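Here is the structure we will look at, set down as structure tokens.
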Amino acid sequence: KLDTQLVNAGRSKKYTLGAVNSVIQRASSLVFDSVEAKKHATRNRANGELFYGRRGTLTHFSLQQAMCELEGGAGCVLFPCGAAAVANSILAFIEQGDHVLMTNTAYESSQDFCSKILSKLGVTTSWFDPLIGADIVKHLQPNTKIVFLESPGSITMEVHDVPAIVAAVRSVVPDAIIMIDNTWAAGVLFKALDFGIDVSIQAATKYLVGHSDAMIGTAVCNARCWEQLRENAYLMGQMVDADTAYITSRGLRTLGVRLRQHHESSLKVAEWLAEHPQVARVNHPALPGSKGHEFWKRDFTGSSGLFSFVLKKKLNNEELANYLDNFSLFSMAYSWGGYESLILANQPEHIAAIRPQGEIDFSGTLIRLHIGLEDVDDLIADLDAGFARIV
Amino acid sequence: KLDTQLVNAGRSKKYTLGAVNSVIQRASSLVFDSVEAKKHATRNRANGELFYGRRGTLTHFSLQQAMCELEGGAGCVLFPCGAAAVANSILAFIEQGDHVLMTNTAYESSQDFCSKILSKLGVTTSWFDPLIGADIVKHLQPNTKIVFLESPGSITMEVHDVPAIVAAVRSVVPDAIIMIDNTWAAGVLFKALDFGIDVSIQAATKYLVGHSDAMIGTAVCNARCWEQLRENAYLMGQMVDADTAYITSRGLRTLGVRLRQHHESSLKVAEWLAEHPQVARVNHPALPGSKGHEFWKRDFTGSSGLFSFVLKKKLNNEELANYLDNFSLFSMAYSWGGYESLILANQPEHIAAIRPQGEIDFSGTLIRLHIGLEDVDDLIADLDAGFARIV
Amino acid sequence: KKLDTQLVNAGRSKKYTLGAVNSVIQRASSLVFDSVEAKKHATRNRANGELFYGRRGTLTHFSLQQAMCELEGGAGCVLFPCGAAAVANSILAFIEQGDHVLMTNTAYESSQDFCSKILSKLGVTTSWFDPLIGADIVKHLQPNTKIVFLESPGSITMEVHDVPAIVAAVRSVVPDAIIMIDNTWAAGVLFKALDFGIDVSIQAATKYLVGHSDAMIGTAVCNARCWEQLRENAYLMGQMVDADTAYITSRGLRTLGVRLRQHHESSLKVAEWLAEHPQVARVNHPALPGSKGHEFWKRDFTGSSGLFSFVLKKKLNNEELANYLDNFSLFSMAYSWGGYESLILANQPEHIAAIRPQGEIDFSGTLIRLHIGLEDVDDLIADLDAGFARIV
Amino acid sequence: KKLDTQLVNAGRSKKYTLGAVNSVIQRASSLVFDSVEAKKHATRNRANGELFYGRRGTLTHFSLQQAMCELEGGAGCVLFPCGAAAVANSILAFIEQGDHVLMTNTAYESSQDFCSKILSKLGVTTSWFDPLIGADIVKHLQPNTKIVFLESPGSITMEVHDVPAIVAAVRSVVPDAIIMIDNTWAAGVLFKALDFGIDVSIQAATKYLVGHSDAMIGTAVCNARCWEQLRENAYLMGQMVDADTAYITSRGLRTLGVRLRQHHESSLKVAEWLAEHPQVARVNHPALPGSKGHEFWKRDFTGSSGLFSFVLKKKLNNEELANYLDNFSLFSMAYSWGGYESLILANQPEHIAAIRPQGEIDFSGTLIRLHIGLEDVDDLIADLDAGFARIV
Ligand SMILES: Cc1ncc(COP(=O)(O)O)c(CN[C@@H](C)P(=O)(O)O)c1O
Ligand SMILES: Cc1ncc(COP(=O)(O)O)c(CN[C@@H](C)P(=O)(O)O)c1O
Ligand SMILES: Cc1ncc(COP(=O)(O)O)c(CN[C@@H](C)P(=O)(O)O)c1O
Ligand SMILES: Cc1ncc(COP(=O)(O)O)c(CN[C@@H](C)P(=O)(O)O)c1O
Ligand SMILES: [Ca+2]
Ligand SMILES: [Ca+2]
Ligand SMILES: [Ca+2]
Ligand SMILES: [Ca+2]
């Protein structure tokens, strides 16, 4: 049962040492009592024995066990933030002459890592429509090494048909590493590894931390891919600090109570918006009619609270300020996943610049909301005062 | 004056806000009061204005200003540890078809990053002897992009002639990026940027933190190289957590009192060892006769406390255990830079495996010591009981 | 304001958050004055949220304090290193040689032991009352009574006071008494103590406000009448909490609503199952009809937390107690409560009798206290059922 | 053992460090018992370094405690949220209605205010003595004296007690008194209080032990005679410090030697320059010949820290005070001390007279207190010289 799992994940006695939570073990240097102990630790340095702080301390091991239990993985590799998890996960499997195939709705810095960093290293990238399903075979090349998914999509929220994509890819390039950015689902609302994906990546910064303070990336790997991701990321010096690891473990405890509120509130806002005279479209995976809703309903076991909607109007600069500057409860900021509700605008032309080898199909201003833990009726009231400012 | 600089570096009122130390600002999301504020922050997102936690908060900005003041740089890029600083600094400047030229005494994982990661990306690496000076021109290729220095060298402690190397490299491949791992000198005992080096990298984990807890890498850049390092590392998601940034700033405060004790103690141990019947050689940059001592004396303004010595004996496994297992005051561990004295052994054949395109010239067991803050006469007593165990 | 929106926003003024969502963490003893004039200004405002000296607080403390005054409707919020320090020092701040303290006999045992072991040797006497005494409290008032100390629900046995009756009765006789409550079970928020004419609402913020069993902190939210005295006398005893703890307590507030609702829903479901169970004598849950003071809870509170107790039909012997407690898979044995993890503790009737001064107990089986956490309620009920099979 | 080696290793047993160099940080209220038997064992040892409940401490606290007993030669180390809480609560733990407390009139002002404002209303009287009274202390002892409270060097004015004389005199008359000292200036280590027959050595660990002006914490290291009473009575008041603060205090110990030596060397160099300066009346530095109790410092201490004061030839008026203090570049205005940053504070003779009960002051110019930090001593002297040019 997810709730019981969340409360206990990673809390082995060897990590908590008489406490409820794991200990916080801050270290670089880790001490070997003897030559024989150093040899034991060296052989087990990637197997949960204390060796050197760059490999982890007890605090890290505890979070790694929790993430493996929650996402059904063989191992969990840690990073200083989600963008570092994305970039280094992809790097760990590529070589000069490879091709990367990425959804055109991937998080922008994931796109930019490929276009700006991988391109100089003899790796080419191309893109696909998130709703392509089994027709992704037209984009597969004999040198396709990575197939990178993000479901729902960044900003626009399109849900992939992961089963269809996975079957297609294994049929043509079975050696491909299939990755997903599974941040929206907090890794627990969509069990990526059970669907044939090799690596489930999170900006743990978001719903796993849950409070908008700490930054951390995770990559949960199947047994086929764990060693290579782990050792190559180690060679790039990737790790997260012990205290952040502790705080992430601690976020897990309330994840189920938080995600149920996020689902209930954001769906009710989405439903209210969908019926509002000033709204063109609502992009929420849980809302019937949204792009790939059917796949959300079949493949996920809940929703989080991030979604977007498109205004009937393309707001001009003065309207955009009147709208966004006068919110009482929604704050303007990047990221999401916390207790506080947030708001961000993107003009159609902003989104057009980040959908390579696609076409946008809306013309009004796109508003993305993260629905936090405030009373939902207060949030709806704030949104409705917003609409009066731009009617 | 270094001491006064250390106490005040980065402590602008905008960062301390009424306290002695900088504030600890934990954040991912950073809030914009208005559209106009978001536009201001966006334009200044790499210029010390609050934008998004991946770019930093006030705590990071404070440490970045301190590191720029201390090392004379245009900018300071932050990483989750030294190995991540090395790997990502080199990555930020390379492209398929480049050559990297690295001292054969570089830190092993720096070697391994090149041999195991860069090699798959169409980048070749070769090596040089640390004492090559101006004859490094024989190793320069028309596609040499990076010249990577580490002075003193890892484990064996050889000091380069940086002036001679730098002049040679600028004369042949002026477009090269010259980097140094300046960890031993804590960035302050050798002012790398004043000698023509482009980027001074530290495992800030070591002497800057000073207490063996926290892990962090720094790269202080000149104005020529700052933008590219900063933006490419950003694309790999490199950052450090706020609290670690705070603790690093805090280590700086005692760095001068610590480094003076480390120098005085370790030189006196080195002198005592050099005269000991059971010692073949002592490798300490401050000790006359050590490899590149003359360059240490001309180019550095002090010593830290890490050095090595070679035993007359190649200890067998039983002797190695009798030696290392029965120390009272020295602990066995990786890393160094803290208050606690540490000891590590390397057999000649271990070092031979990590000196590409060189030759070792010793035959006894090499012992590396980090000399901490304990009474030096107690440490010497512990070393002498050690010698009695293996006579 | 609606609780959940209030919780999210409490304390988060721009002067404390400085561009972030959460307050800054400002760690300091020394706080720097730019000038003689600035120092004079800070000195005047040293108890009024200007930076002065770390013992008085930093911006991190100020934020928590603001949050706590907002949520509990107070003029001020005094901070302490734990619950027990808040209790002991809030009582100390208002007494003097010759005073009498009247305390509920269901008070947390350390609160009792402070009165009987510390206050006694300072010329302050204490006596105790039954938690259901209500209006009849007048019977225990003395000419020198200074403090009337309430705890509702009761420690372990969970009895709810008729607060309206008690407060009216006290004010009718000793209007100038200081009325305090230990309002930890309600998290200060499910029972608005200061709206009921209580002077000081004290919590072990250790519990529900922190919510994760990993920081310790006490709070005392005061009305305007009593704030100064509590604050300044507490300061002379050196009482403060660390900035990092204050930041984590503020943080815990943000999930307090979603957590309390799950604790209510799950704990009531367990309590309802236990009441029907053949091996259970009685269930002590404020929200469960038939428990002591339930109708006062229904009337006076806006919700329940997850802590309650039940009485077994058996008085367990030592071997049965071990076989019961040692073999749980989901409940852990520990003190405290208020966190995400379910906890269990046992007391024998004779242990409880010993901490019920000037009153008698009302049960004879072993008493089991549960903290119902965030685990799936059916897994928890399954673990409790395996427990019962072990002592049939 | 030699101090620097001791400092590095103090508290770092394998049971606390668990493979790291520093102790673990174990954050907890609830501490889990695996069984009834384990709980019974923890309960017996709850004041003896077995995990029991976070109010009693975690492994992090145990480590600090061990370190502090080792460095100060004590049987036990009681922890508090700050210096002022250690003073107030250590005095409280040993008094009862009818007792008398004898305190040096150079005691930290809050220590004085605790006695005169809190203790007075609890039936405890206080009187004061001159710090140089030595053997003549017998003159101020009373049949009901319970505590003799020492502070050496003195707060602000820096007078050093003849501790050997005072202690012998007290023991000759009231052998069962509790003798306490506020040993913060010495960092517990430059004056081994418990070796001189003092019962309790108290510090504001806030200062030199933490060493960076960013955590607050008090300690009281006790002999075997007084440990239990201090510990248990302090516990009934809820006194504890947070685990993270305990970890940072242990951490500060590791650099205490290298820091104190620089504070000694730099502060003595400044003091020697000031004594020769035409605008200075007198220098109050324990290490500087001619200061009050210097010869007791030379005899009894093993070093100096960096805090001292000096008296200007001028009694500065308000405009000269601002022009002096407002325009420093390296010294900052703030309370506290013990950190890496140099600090400056001013007091007028009439402010000091007001906190010197039952004694008189010995100066008439403005009194300037300096904390000499880790900055280059010649830059510091240059900043002080520019200061003098501003009030010529
Ligand atoms: C799906 C997704 N995957 C990765 C990342 C990168 O994580 P880190 O910020 O922790 O490096 C993000 C970041 N997104 C916000 C900044 P926003 O969505 O506001 O741009 C994301 O949304
Ligand atoms: C010169 C030098 N430069 C980089 C690094 C990498 O820093 P991080 O450990 O913080 O990633 C090291 C690490 N060295 C120790 C593990 P050791 O020397 O014990 O192997 C080093 O020595
Ligand atoms: C109502 C109530 N009021 C105060 C305190 C004291 O708070 P601190 O533990 O933060 O000092 C407690 C403590 N209770 C547990 C230890 P337990 O209930 O397990 O004995 C309490 O329950
Ligand atoms: C000797 C001495 N003993 C105790 C304390 C109280 O410690 P805490 O501030 O940690 O509660 C002090 C405090 N002193 C500064 C505030 P200042 O000297 O600047 O007034 C002191 O000096
Ligand atoms: Ca808000
Ligand atoms: Ca040691
Ligand atoms: Ca459990
Ligand atoms: Ca300064």
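Residues in the structure tokens are named by chain (A, B, ... in the order shown) and by number from 1 within that chain; ligands are numbered from 1 in the order shown.
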
Inset, instruction - Could the residues of chain B within 8 Å of chain C, counting only C-alpha atoms, be given as an MDAnalysis selection string, please? - result: chainID B and resid 18:32 50

For those residues, write N, CA, C and O atoms to a file as a PDB file, in the first residue's frame.
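Printed below is part07.pdb as written:
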```
ATOM      1  N   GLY B  18      22.511  41.836   8.608  1.00  0.00           N
ATOM      2  CA  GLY B  18      22.549  42.194  10.015  1.00  0.00           C
ATOM      3  C   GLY B  18      23.374  41.187  10.836  1.00  0.00           C
ATOM      4  O   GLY B  18      23.717  41.451  11.983  1.00  0.00           O
ATOM      5  N   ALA B  19      23.632  40.017  10.294  1.00  0.00           N
ATOM      6  CA  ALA B  19      24.462  38.942  10.948  1.00  0.00           C
ATOM      7  C   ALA B  19      25.956  39.102  10.595  1.00  0.00           C
ATOM      8  O   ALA B  19      26.305  40.004   9.737  1.00  0.00           O
ATOM      9  N   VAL B  20      26.828  38.355  11.249  1.00  0.00           N
ATOM     10  CA  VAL B  20      28.242  38.251  10.882  1.00  0.00           C
ATOM     11  C   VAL B  20      28.409  37.407   9.645  1.00  0.00           C
ATOM     12  O   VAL B  20      29.051  37.819   8.629  1.00  0.00           O
ATOM     13  N   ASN B  21      27.746  36.281   9.610  1.00  0.00           N
ATOM     14  CA  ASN B  21      27.884  35.356   8.490  1.00  0.00           C
ATOM     15  C   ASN B  21      26.798  35.602   7.490  1.00  0.00           C
ATOM     16  O   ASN B  21      25.805  36.218   7.831  1.00  0.00           O
ATOM     17  N   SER B  22      26.946  35.082   6.237  1.00  0.00           N
ATOM     18  CA  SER B  22      25.863  35.203   5.261  1.00  0.00           C
ATOM     19  C   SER B  22      24.643  34.466   5.735  1.00  0.00           C
ATOM     20  O   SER B  22      24.736  33.531   6.534  1.00  0.00           O
ATOM     21  N   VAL B  23      23.476  34.881   5.246  1.00  0.00           N
ATOM     22  CA  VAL B  23      22.256  34.200   5.538  1.00  0.00           C
ATOM     23  C   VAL B  23      22.336  32.822   4.825  1.00  0.00           C
ATOM     24  O   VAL B  23      23.132  32.646   3.898  1.00  0.00           O
ATOM     25  N   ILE B  24      21.546  31.876   5.292  1.00  0.00           N
ATOM     26  CA  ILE B  24      21.326  30.613   4.571  1.00  0.00           C
ATOM     27  C   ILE B  24      19.906  30.748   3.955  1.00  0.00           C
ATOM     28  O   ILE B  24      18.883  30.715   4.644  1.00  0.00           O
ATOM     29  N   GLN B  25      19.886  30.942   2.653  1.00  0.00           N
ATOM     30  CA  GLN B  25      18.676  31.028   1.854  1.00  0.00           C
ATOM     31  C   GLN B  25      18.550  29.718   1.078  1.00  0.00           C
ATOM     32  O   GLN B  25      19.173  29.589   0.048  1.00  0.00           O
ATOM     33  N   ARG B  26      17.674  28.829   1.550  1.00  0.00           N
ATOM     34  CA  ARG B  26      17.305  27.585   0.916  1.00  0.00           C
ATOM     35  C   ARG B  26      16.157  27.911  -0.038  1.00  0.00           C
ATOM     36  O   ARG B  26      15.146  28.553   0.365  1.00  0.00           O
ATOM     37  N   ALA B  27      16.345  27.585  -1.307  1.00  0.00           N
ATOM     38  CA  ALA B  27      15.290  27.749  -2.279  1.00  0.00           C
ATOM     39  C   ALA B  27      15.563  27.000  -3.562  1.00  0.00           C
ATOM     40  O   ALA B  27      16.714  26.952  -4.036  1.00  0.00           O
ATOM     41  N   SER B  28      14.478  26.565  -4.193  1.00  0.00           N
ATOM     42  CA  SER B  28      14.424  26.285  -5.632  1.00  0.00           C
ATOM     43  C   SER B  28      13.710  27.520  -6.229  1.00  0.00           C
ATOM     44  O   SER B  28      14.303  28.501  -6.710  1.00  0.00           O
ATOM     45  N   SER B  29      12.406  27.495  -6.110  1.00  0.00           N
ATOM     46  CA  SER B  29      11.595  28.631  -6.496  1.00  0.00           C
ATOM     47  C   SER B  29      12.041  29.966  -5.840  1.00  0.00           C
ATOM     48  O   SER B  29      12.210  30.064  -4.654  1.00  0.00           O
ATOM     49  N   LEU B  30      12.251  30.954  -6.673  1.00  0.00           N
ATOM     50  CA  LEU B  30      12.452  32.310  -6.246  1.00  0.00           C
ATOM     51  C   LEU B  30      11.371  33.226  -6.864  1.00  0.00           C
ATOM     52  O   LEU B  30      11.038  33.131  -8.053  1.00  0.00           O
ATOM     53  N   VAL B  31      10.772  34.063  -6.014  1.00  0.00           N
ATOM     54  CA  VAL B  31       9.525  34.764  -6.289  1.00  0.00           C
ATOM     55  C   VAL B  31       9.780  36.109  -6.914  1.00  0.00           C
ATOM     56  O   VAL B  31      10.662  36.883  -6.464  1.00  0.00           O
ATOM     57  N   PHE B  32       9.039  36.379  -7.965  1.00  0.00           N
ATOM     58  CA  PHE B  32       9.080  37.678  -8.664  1.00  0.00           C
ATOM     59  C   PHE B  32       7.867  38.478  -8.290  1.00  0.00           C
ATOM     60  O   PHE B  32       6.757  38.007  -8.489  1.00  0.00           O
ATOM     61  N   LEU B  50      18.484  37.314  -7.812  1.00  0.00           N
ATOM     62  CA  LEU B  50      17.732  36.134  -7.523  1.00  0.00           C
ATOM     63  C   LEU B  50      16.836  35.761  -8.719  1.00  0.00           C
ATOM     64  O   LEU B  50      16.014  36.573  -9.188  1.00  0.00           O
TER      65      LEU B  50
END
```

Inset, instruction - Could you list, as a PyMOL selection string, the residues of chain B having an atom within 7 Å of chain A when counting only C-alpha atoms? - result: chain B and resi 26-35+52+80-81+83-84+87-88+95-96+109+113+120-122+212-215+235-240+321+324-325+331-335

Inset, instruction - Check which residues fall inside 9 Å of ligand 5 when counting only C-alpha atoms and all ligand atoms, and print them as a ChimeraX atom specification. - result: /A:328-331,340-342,374 /C:5,8-9,12,21

Inset, instruction - Please check which protein, DNA or RNA residues sit within 6 Å of ligand 7, counting only C-alpha atoms and all ligand atoms, and write them as an MDAnalysis selection string. - result: (chainID A and resid 8) or (chainID C and resid 330:332 341)

Inset, instruction - Pick out the chain C residues within 8 Å of chain D. Count only C-alpha atoms. Give them as JSON, numbers by chain. - result: {"C": [27, 28, 29, 30, 31, 32, 33, 34, 35, 36, 37, 53, 54, 55, 81, 82, 83, 84, 85, 86, 88, 89, 96, 97, 110, 113, 114, 118, 121, 122, 123, 206, 213, 214, 215, 216, 233, 236, 237, 238, 239, 240, 241, 242, 245, 321, 322, 325, 326, 332, 333, 334, 335, 336, 337]}

Writer output for current selection, C-alpha atoms, as a tab-separated table (two decimals), in the first residue's frame:
```tsv
chain	number	residue	atom	x	y	z
C	27	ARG	CA	22.11	31.90	12.15
C	28	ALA	CA	23.54	34.46	14.60
C	29	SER	CA	24.56	35.36	18.08
C	30	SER	CA	26.18	38.76	17.28
C	31	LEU	CA	23.96	41.07	15.28
C	32	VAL	CA	25.75	44.04	13.75
C	33	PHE	CA	24.77	47.66	14.22
C	34	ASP	CA	25.92	50.05	11.51
C	35	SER	CA	25.93	53.01	13.86
C	36	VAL	CA	25.33	54.32	17.38
C	37	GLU	CA	21.94	55.55	16.11
C	53	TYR	CA	21.03	39.99	19.63
C	54	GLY	CA	20.56	36.32	18.74
C	55	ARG	CA	19.16	35.44	22.21
C	81	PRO	CA	13.91	24.45	23.43
C	82	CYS	CA	11.13	21.91	23.93
C	83	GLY	CA	7.54	21.46	25.27
C	84	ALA	CA	8.70	20.79	28.82
C	85	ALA	CA	10.73	23.98	28.84
C	86	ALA	CA	7.68	25.95	27.63
C	88	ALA	CA	7.99	24.92	33.21
C	89	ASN	CA	9.12	28.39	32.20
C	96	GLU	CA	6.31	34.13	43.29
C	97	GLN	CA	6.77	32.69	46.83
C	110	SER	CA	6.72	16.38	33.61
C	113	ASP	CA	6.82	16.96	38.44
C	114	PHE	CA	7.94	20.57	37.78
C	118	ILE	CA	10.74	22.58	41.66
C	121	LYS	CA	11.00	24.33	47.25
C	122	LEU	CA	10.39	27.96	46.07
C	123	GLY	CA	7.39	28.58	48.39
C	206	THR	CA	7.89	18.94	18.88
C	213	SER	CA	9.61	13.38	15.00
C	214	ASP	CA	13.02	15.20	14.30
C	215	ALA	CA	13.10	18.63	16.00
C	216	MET	CA	12.22	19.67	19.58
C	233	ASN	CA	10.76	36.51	32.52
C	236	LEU	CA	15.89	36.17	32.07
C	237	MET	CA	15.93	32.35	32.19
C	238	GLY	CA	17.69	32.35	28.83
C	239	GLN	CA	14.93	30.66	26.91
C	240	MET	CA	15.21	30.55	23.09
C	241	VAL	CA	15.16	27.95	20.33
C	242	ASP	CA	17.76	27.64	17.53
C	245	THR	CA	14.51	24.56	14.46
C	321	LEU	CA	2.92	-7.32	27.54
C	322	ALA	CA	6.16	-8.24	25.80
C	325	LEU	CA	4.46	-4.95	22.19
C	326	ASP	CA	7.58	-6.70	20.90
C	332	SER	CA	6.94	1.39	16.88
C	333	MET	CA	7.56	1.69	20.64
C	334	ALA	CA	8.70	5.27	21.54
C	335	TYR	CA	7.79	8.38	23.49
C	336	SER	CA	6.29	11.38	21.77
C	337	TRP	CA	3.90	11.49	18.93
```

Inset, instruction - Please provide as an MDAnalysis selection string all residues within 8 Å of residue 262 (chain A), with the sequence filter that same-chain residues fewer than 3 positions apart are discarded (counting only C-alpha atoms). - result: chainID A and resid 258:259 265:266 303:305 371:373

Inset, instruction - Find the spatial neighbours of residue 137 (chain B), counting only C-alpha atoms, within a cut-off of 10 Å - ignore same-chain residues fewer than 4 positions away - and output them as a PyMOL selection string. - result: chain B and resi 132-133+141+165+167-173

Inset, instruction - Could you give me, as a list in words, the residues within 6 Å of region 282-292 of chain B, counting only C-alpha atoms and dropping anything in the same chain fewer than 5 positions from it? - result: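 After dropping sequence-adjacent residues, the list is residues 157, 158, 159, 274, 307, 308 and 309 of chain B.
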
Inset, instruction - Name the residues in contact with residue 388 (chain A) at a cut-off of 10 Å, using only C-alpha atoms, excluding same-chain residues fewer than 3 positions from it; report them as a list in words. - result: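 Returned residues: residues 278, 323, 383, 384, 385 and 391 of chain A.
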
Those same residues - C-alpha atoms - I'd like them written as an mmCIF file, in the first residue's frame.
```cif
data_model
loop_
_atom_site.group_PDB
_atom_site.id
_atom_site.type_symbol
_atom_site.label_atom_id
_atom_site.label_comp_id
_atom_site.auth_asym_id
_atom_site.auth_seq_id
_atom_site.Cartn_x
_atom_site.Cartn_y
_atom_site.Cartn_z
ATOM 1 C CA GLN A 278 -12.405 33.555 -20.760
ATOM 2 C CA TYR A 323 -3.068 39.924 -14.629
ATOM 3 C CA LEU A 383 -8.168 33.156 -10.363
ATOM 4 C CA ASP A 384 -11.617 34.746 -10.894
ATOM 5 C CA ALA A 385 -10.371 38.209 -9.704
ATOM 6 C CA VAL A 391 -11.925 40.932 -19.428
#
```

Inset, instruction - Could you tell me which of B:363, B:14, B:55, B:302 comes closest to ligand 1 if we count only C-alpha atoms and all ligand atoms? - result: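 For ligand 1, the nearest of the given residues is B:55.
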
Inset, instruction - Would you please extract all strand (DSSP E) residues from region 58-275 of chain B, as assigned by DSSP on the backbone, and give them as a VMD selection string? - result: chain B and resid 75 to 79 99 to 103 124 to 128 144 to 150 177 to 181 199 to 203 217 to 221

Legend entry - Pick from A:151, A:125, A:115, A:261 nearest to residue 375 (chain A), counting only C-alpha atoms: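 Of A:151, A:125, A:115, A:261, the one nearest residue 375 (chain A), counting only C-alpha atoms, is A:261.
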